[PDB]
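Shown here is one chain on its own, the form deposited in one PDB entry, set out as structure tokens.
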């Protein structure tokens, strides 16, 4: 419909203006009080902070420049910040400030107190098909938006989907997101969610996001992923065979959609045919979905997370609390000039 075409043309106009003139240096560390570590990895952390003058809460992602260089993530971290400051969509976490200092890179995002979908899925066991469908529709619309901007996301998994105060999704972690006209080649992502053409070291495209959507829908509805095994190399063998067994409680319509998303031949995979995303939106499994109502956030959610207020951390787990050091000397200044 022309209304969808004009929505996506305006979305691309607004993205390109910010993409071509990125914002820089819009706060500093001592404008915030540190509260709690919410997550930690090999080159960065995410901490709950409070802004000292306004009182507002944020999630502050802190990346150690020297560790980013050693793990060969320079280009990826520059991608992440330039994309996040240019996008705008209901189901994407919002970047409010960014800055850098002698030691670290900082991205300050809105705080989402409901926690990760991963926690709720493991607590409940599995989601009913209507519950899984509500979350899946939000991911279909978000990928339609990102792909129209020539962006590939490349890190879909339940840990990266936060649940907000209305029970809707906010997608976080753009560490592997990239603007790609054509193909790209980097090996990245989590093993259970990787498409076959990534495992086989091929030039790949946006079709890898539609494969990962098939993995996510299967995991939401079954409680475990389709290609499960104990070591990555065993997971990879199952993925390139693409032999998928479905639980008997799955509906016939769910099995049919998953066979077309978990298609090993990328030239036959739903999302990557002539009709694009509309082969997914018009599939029988989505026949009860009101796409406009989801976008407008007018549908009542299946589940509202339990929390006490905008500073509550009870839906995140506990980590050792480490210093945020800032060296007296500048580190890696050249490499991060554009940040």
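Positions refer to the first chain, counted from 1. C-alpha atoms forming the largest set that superposes within 1.5 Å between two forms make up the rigid core.
Missing here is the form solved in complex with a partner chain; even so, the following discussion is about that form.
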item: Heavy atom within 4.5 Å of the partner chain in the deposited complex - residue from 122, 181, 94, 268; value: 122
item: The partner chain: the contacting residue among 149, 240, 229, 78 in the deposited complex [heavy atom, 4.5 Å]; value: 229
item: Contact segment among 140-148, 206-214, 259-267, 154-162, judged by heavy atoms lying within 4.5 Å of the partner chain in the deposited complex; value: 154-162
item: All of 113, 168 and 250 within 4.5 Å of the partner chain in the deposited complex, heavy atom check; value: no
item: Touches the partner chain in the deposited complex: residue 90 (any heavy atom, 4.5 Å); value: no
item: Touches the partner chain in the deposited complex: residue 188 (any heavy atom, 4.5 Å); value: yes
item: Proximity of residue 235 to the partner chain in the deposited complex, heavy atoms at 4.5 Å; value: yes
item: 4.5 angstroms heavy atom contact with the partner chain in the deposited complex for residue 309; value: no
item: From 58, 43, 270, 285, residue displaced between this form and the one not shown - CA threshold 2 Å or more, rigid core; value: 43
